[PDB]
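Visitor: Submitted below is the structure of interest, expressed as structure tokens.
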Amino acid sequence: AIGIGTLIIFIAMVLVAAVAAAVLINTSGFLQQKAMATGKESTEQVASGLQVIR
Amino acid sequence: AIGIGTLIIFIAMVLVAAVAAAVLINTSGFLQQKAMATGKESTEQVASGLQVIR
Amino acid sequence: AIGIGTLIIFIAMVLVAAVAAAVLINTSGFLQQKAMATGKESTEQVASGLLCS
Amino acid sequence: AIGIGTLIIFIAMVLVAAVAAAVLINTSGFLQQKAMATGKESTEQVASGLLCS
Amino acid sequence: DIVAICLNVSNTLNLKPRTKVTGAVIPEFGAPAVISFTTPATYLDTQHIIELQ
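Protein chains in written order, with the deposited numbering: chain R, 13 to 66; chain f, 13 to 66; chain g, 13 to 65; chain C, 13 to 65; chain P, 173 to 225.
Laid out in structure tokens, this is it:
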């Protein structure tokens, strides 16, 4: 009966789509930190310095 | 005969793909309004103000 | 069996991208007006005046 | 029976994504040239000149 | 890695000033590198090595 295979391949299709989703979630995590830090650091750099009075 | 099931499962496959398509069409509708409004509103905010003459 | 569905969802992908594009195109239009208006108005303000003799 | 078709359409998905990627990669290349050119040219224009003595 | 592709063009291409040069290094697979430069307006005898791109 045709139904049997239709079920089994659905199981696979779900699993693959899960794995594909995962990589984007993971990568978004990695990028989050890297981005946030880069902004903070760059800001402090421009904002700060010393001045010779005399 | 094998043909009988092949027909029946096709009927299902079509229907599922329809339902899946629907959610994207619907969601695109929801997002349309929300996006358009957000742009308009934000624009008016920046563009407008009052000035004290004297 | 599989082939049939692939076609159907493809149609949806097209339409959804189309709808999103419409937003971007339209919005750009809406802004074009005000962008120009603001510049012209602001210039005429700073440049013009009268002087007591 | 179902299995067979799944494989075939998978092949198409791959190729279609590949073709789309090619556009993006290529286009980026095409722009890289003009982007640089414009900047260099514009700088040389504003910086250079002669002066009457 | 970094590596220099060395080409002798003395008789093959006539690179006088103000001349556009276009091209690519094309690998067996993967995206080509795009060469694109216009030679300077003036060559000076004090500066025999020139940075083109």
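Using N, Cα and C, we set each Cβ at its ideal position, and we do this for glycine too.
I'd like the list of long-range same chain contacts for residue 58 of chain R, defined as Cβ closer than 8 Å, with 5 residues on each side in sequence excluded.
Guide: Once the five neighbours on either side are set aside, residue 58 of chain R has no close Cβ partner at all.
Visitor: Rounding to the nearest angstrom, what Cα-Cα distance links residue 32 of chain f and residue 31 of chain g in this structure?
Guide: Near 17 Å, if we compare the C-alpha coordinates of residue 31 of chain g and residue 32 of chain f.
Visitor: For the putative contact between residue 225 of chain P and residue 209 of chain P, defined by C-beta atoms under 8 Å, what is the C-beta separation to the nearest angstrom?
Guide: 4 Å
Visitor: Verify whether the separation of the beta carbon atoms of residue 204 of chain P and residue 213 of chain P is less than 9 Å.
Guide: no
Visitor: Hey, is residue 24 of chain C's beta-carbon within less than 9 Å of any beta-carbon in chain P?
Guide: no
Visitor: With DSSP as the reference, label residue 205 of chain P as helix, strand or coil.
Guide: strand
Visitor: List the residues that DSSP assigns as beta-bridge partners of residue 195 of chain P.
Guide: DSSP output for residue 195 of chain P lists P:207 as bridge partner(s).
Visitor: Name the chain R residues that come within less than 9 Å of residue 41 of chain f, Cβ to Cβ?
Guide: Those do not exist, as residue 41 of chain f stays about 24 Å from chain R at its closest Cβ, beyond 9 Å.
Visitor: Using CA atoms only, rank isn't needed, just tell me which of g:41, g:14, g:63, g:50 is closest to residue 21 of chain f.
Guide: Selected option, being the one with the closest Cα: g:14.
Visitor: Any idea if residue 34 of chain R is buried or exposed, counting beta-carbon neighbours within 10 angstroms, 16 or more meaning buried?
Guide: exposed
Visitor: Drop a sphere of 10 angstroms on the beta-carbon of residue 51 of chain C, count the other beta-carbons inside from all chains shown, and report buried for 16 or more, exposed for fewer.
Guide: Exposed.
Visitor: If you measure from the beta carbon of residue 39 of chain C to each beta carbon in chain g, is any gap under 9 Å?
Guide: no
Visitor: Any idea if residue 55 of chain g is buried or exposed, counting beta-carbon neighbours within 10 angstroms, 16 or more meaning buried?
Guide: Exposed.
Visitor: For residue 21 of chain f, return the contacting residues in chain R, with the cut-off set at a CB-CB distance below 9 Å.
Guide: Those within 9 Å of residue 21 of chain f in chain R are 14, 15, 18.
Visitor: For residue 15 of chain f, count the other beta carbons within 10 Å of its own beta carbon; 16 or more makes it buried, fewer makes it exposed. Which is it?
Guide: exposed
Visitor: I want to see whether chain f comes within less than 9 Å of residue 55 of chain g, judged by CB atoms only; does it?
Guide: no
Visitor: Please report the distance separating the alpha-carbon of residue 193 of chain P from that of residue 39 of chain f.
Guide: 50 Å
Visitor: Below 7 Å on C-beta distance, what does residue 13 of chain g contact in chain C?
Guide: Under the 7 Å cutoff, chain C gives 14, 17.
Visitor: What's the C-alpha gap between residue 23 of chain f and residue 20 of chain g?
Guide: 13 Å
Visitor: How is residue 18 of chain g classed by DSSP in three states: helix, strand or coil?
Guide: helix
Visitor: Using three-state DSSP, classify residue 180 of chain P as helix, strand or coil.
Guide: coil
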